[PDB]
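Below you'll find the structure, written out as structure tokens, and then a few comments.
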Amino acid sequence: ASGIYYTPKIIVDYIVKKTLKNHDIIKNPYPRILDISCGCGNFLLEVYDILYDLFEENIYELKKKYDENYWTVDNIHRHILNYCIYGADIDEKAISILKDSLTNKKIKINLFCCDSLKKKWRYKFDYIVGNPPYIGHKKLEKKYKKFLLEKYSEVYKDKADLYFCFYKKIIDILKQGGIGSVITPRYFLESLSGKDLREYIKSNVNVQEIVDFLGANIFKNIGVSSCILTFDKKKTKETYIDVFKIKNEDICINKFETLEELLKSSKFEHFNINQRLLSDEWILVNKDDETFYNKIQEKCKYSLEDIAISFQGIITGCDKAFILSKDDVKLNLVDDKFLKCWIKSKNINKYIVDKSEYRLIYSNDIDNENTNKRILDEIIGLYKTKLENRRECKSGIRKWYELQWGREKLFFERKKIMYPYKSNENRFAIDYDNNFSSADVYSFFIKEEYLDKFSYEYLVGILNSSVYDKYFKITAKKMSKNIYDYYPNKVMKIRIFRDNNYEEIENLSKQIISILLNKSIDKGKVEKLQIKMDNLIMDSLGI
DNA sequence: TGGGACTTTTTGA
DNA sequence: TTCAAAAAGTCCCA
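Residues 26 to 131, 141 to 577 (PDB author numbering) make up the first sequence, in order.
If you want it as structure tokens, here you go:
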């Protein structure tokens, strides 16, 4: 809740250098560089140093070209503090610290203590740098969210993040021909909520460079994945984007004195993306991956959304009140008609699900409060207060002992395919035990009209293959290190096929399932069967 | 302290 | 009425 995050000095140096590398101080000796979330001025002090070097090295040229008495080395500090540096933040103390630092670098200092999203900006800016705040839909005040929805509807909507509005504000107050460079989360590149935002960035600025750190850790002790976006508003004929994607997420960012050394090394991969060819999604991949993805998309006639019905797991609202161990003695109080098997994301393997260790009390079947009063008095009631603070319980839609978002039972108590919402690899398992789960596991079942065309065994055989792992990870949402988001908004967009290899792929999947379900489970032959199935799928897809 | 295993429920629509 | 997205994730240990 402090609101101030230290951006590493390497990133700050890289961003400032990216914005001010090729600035013609002779042509324009009055550049306006702004940081709308400056905090203690990590970016602004480096901006001051760079500007001081520029002015000191061109002071005599400026003196000849302009007022001789005005352009002096002794007057550089005052000029920079008067006409060049602009900062804004909400923290009074951080603004005071930055003001003290700028004063002690050697006068009206242009530092503002306000909300940058509400401030009426009196002029546009040549350069904009900084690190905006990241606040999700849970940790954001509701009235402020209403304000954002009312005024920033072009980029902010539904489950959008706060920094979308900061992106929009940076684009709005950027002078024509100006350059902006910021560090933000990487999720908006692939997230559904970022769609509108991406469109905005596509339709108002030219994207110069995207530095994607994927799942690395740039901020110490902070669970966020970061990217650096550099863009301009110049008159460009061809709009191409230099995309730099990290290859090894196990790095210490201080491996080099400069970020450019890391970018131009074997630790990063560079390619080019045509901005005019960008779709609703931004598919930032190299030529090989692009050809692979296009070949898979063309060769497949169906998608999972076409043939399957998907749903999210139960949302109890308070798991500690409804989930218990199968060996718990309190379960003797509850009849088996109210008990469902309960699995977690770690219980999902590639083809089969681990046997259930937990039981869920489906309290929605409790008809009368007086009946089964022992269960409410000794199990569910222990968290009654918490259960009463849920949104649907304050409004009277749910009884305090009911599940907040208990779905239809008929969807879970059937044969279906389940997969964790976050994983390092594809894990699509067939559930035979009518397992219930929380939102950490998503489920789907084949529509009855496609049962003859696609079976569960074939689907899990092709989905768990390395080919489809790579194919899904092309457009997947990279959350953290070795973690991808497996949500319906991208899982249901996977495209599938059927051809002459359907029978052998299904048979190999059945053999793998049979081996995995045996007692003396030696998974060695499973790998060989998987390799054979991968070769079959690669032959089928022409790759 | 840094790195790996694992993942709740609040929330807008 | 009731769906599904969202990591400035969360938590523990050598």
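By construction, the Cβ of each residue, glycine as well, lies at the ideal position given by its N, Cα and C atoms.
Helix, strand or coil at residue i according to DSSP, with G and I counted as helix
i      : result
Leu293 : helix
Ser379 : helix
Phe462 : coil
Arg425 : helix
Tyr30  : coil
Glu436 : coil
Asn288 : helix
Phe488 : coil
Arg103 : helix
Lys557 : coil
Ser477 : strand
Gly430 : coil
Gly64  : coil
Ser543 : helix
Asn240 : strand
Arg408 : helix
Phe372 : helix
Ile528 : coil
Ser299 : coil
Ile58  : strand
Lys512 : strand
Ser150 : coil
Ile349 : strand
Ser313 : coil
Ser359 : strand
Residue interval of the beta strand (DSSP E) (run including residue i)
i           : result
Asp503      : Looking at the DSSP string, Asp503 is not in any beta strand (DSSP E); the run it does join, the alpha helix (DSSP H), is 500 to 509.
residue 134 : Missing here is residue 134; the chain as given proceeds from 131 to 141 without the residues in between.
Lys450      : 450 to 454
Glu303      : 302 to 308
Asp467      : Note, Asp467: premise wrong, no beta strand (DSSP E); not H, not E.
residue 133 : The model contains no atoms for residue 133, which sits in the stretch where the chain goes from 131 to 141 directly.
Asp519      : 517 to 519
Whole-angstrom C-beta distance between residue j and residue i, which should lie under 8 angstroms
i      : j      : result
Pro54  : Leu87  : 6 angstroms
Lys456 : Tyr505 : Going by Cβ atoms, the distance from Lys456 to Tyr505 rounds to 19 angstroms, so no, they are not a contact pair.
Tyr502 : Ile464 : About 16 angstroms separates the two Cβ atoms, so there is no contact after all.
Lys527 : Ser337 : 6 angstroms
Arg532 : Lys487 : 6 angstroms
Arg424 : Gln438 : 5 angstroms
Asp60  : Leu69  : 5 angstroms
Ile287 : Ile549 : With 8 angstroms as the limit, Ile287 and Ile549 do not qualify as a contact, their Cβ atoms being about 44 angstroms apart.
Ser259 : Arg220 : 5 angstroms
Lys507 : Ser225 : Wrong, their Cβ atoms sit about 15 angstroms apart, outside the cutoff.
For residue i, the first and last residue of its enclosing alpha helix (DSSP H)
i      : result
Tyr73  : 67 to 82
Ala355 : 353 to 356
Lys279 : Run containing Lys279: none in the alpha helix (DSSP H); it sits in the beta strand (DSSP E), 274 to 280.
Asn328 : 321 to 333
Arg393 : From DSSP, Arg393 is part of no alpha helix (DSSP H) but of the beta strand (DSSP E) over 392 to 395.
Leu145 : From DSSP, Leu145 is part of no alpha helix (DSSP H) but of the beta strand (DSSP E) over 144 to 147.
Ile341 : 338 to 341
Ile122 : 117 to 129
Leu444 : 443 to 446
Contact between the stretch 150 to 164 and the stretch 213 to 232 (3+ Cβ pairs under 8 angstroms): Contact holds: three or more Cβ-Cβ distances are below 8 angstroms.
Three or more C-beta pairs below 8 angstroms linking the stretch 104 to 113 and the stretch 56 to 69: Here the stretch 104 to 113 makes contact with the stretch 56 to 69; the two share three or more CB pairs at distances below 8 angstroms.
Continuous beta strand (DSSP E) assignments of at least 3 residues falling wholly in the stretch 243 to 268: Considered as a whole, the stretch 243 to 268 harbours 260 to 266 as its complete beta strand (DSSP E) runs of no fewer than 3 residues, in chain order.
In chain order, each beta strand (DSSP E) run of at least 3 residues that lies wholly inside the stretch 158 to 231: Within the stretch 158 to 231, the runs of beta strand (DSSP E) that reach at least 3 residues and sit entirely inside it are, in chain order, 159 to 164, 208 to 219.
Touching by the beta-carbon criterion (3+ pairs, under 8 angstroms), the stretch 461 to 479 and the stretch 369 to 382: They touch, by the three-pair rule.
Meets three-Cβ-pair contact criterion under 8 angstroms: the stretch 193 to 204 and the stretch 222 to 233: Yes, they touch.
Touching by the beta-carbon criterion (3+ pairs, under 8 angstroms), the stretch 305 to 313 and the stretch 247 to 255: In short, these stretches do not touch, since the Cβ pair count stays below three.
Any 3 or more C-beta pairs closer than 8 angstroms across the stretch 541 to 551 and the stretch 486 to 499: In short, these stretches touch, since the Cβ pair count reaches three.
Stretch-stretch touch, CB-based, cutoff 8 angstroms, three pairs: the stretch 475 to 488 with the stretch 337 to 351: Yes, the stretch 475 to 488 touches the stretch 337 to 351.
Segment contact flag, the stretch 547 to 564 with the stretch 357 to 375, C-beta cutoff 8 angstroms, min 3 pairs: No: the two stretches stay apart, fewer than three of their Cβ pairs being nearer than 8 angstroms.
The stretch 115 to 126 contacting the stretch 97 to 107, beta-carbon criterion three pairs below 8 angstroms: Taking a cut-off of 8 angstroms for Cβ pairs, the stretch 115 to 126 and the stretch 97 to 107 do not touch, as fewer than three such pairs fall below it.
Cβ contact check for the stretch 264 to 278 and the stretch 345 to 362: 3 or more pairs under 8 angstroms: Inter-segment contact for the stretch 264 to 278 and the stretch 345 to 362 is absent: fewer than three beta-carbon pairs are separated by less than 8 angstroms.
Stretch-stretch touch, CB-based, cutoff 8 angstroms, three pairs: the stretch 352 to 361 with the stretch 391 to 404: Using a C-beta cut-off of 8 angstroms, the stretch 352 to 361 makes contact with the stretch 391 to 404, since at least three inter-stretch Cβ pairs fall below that distance.
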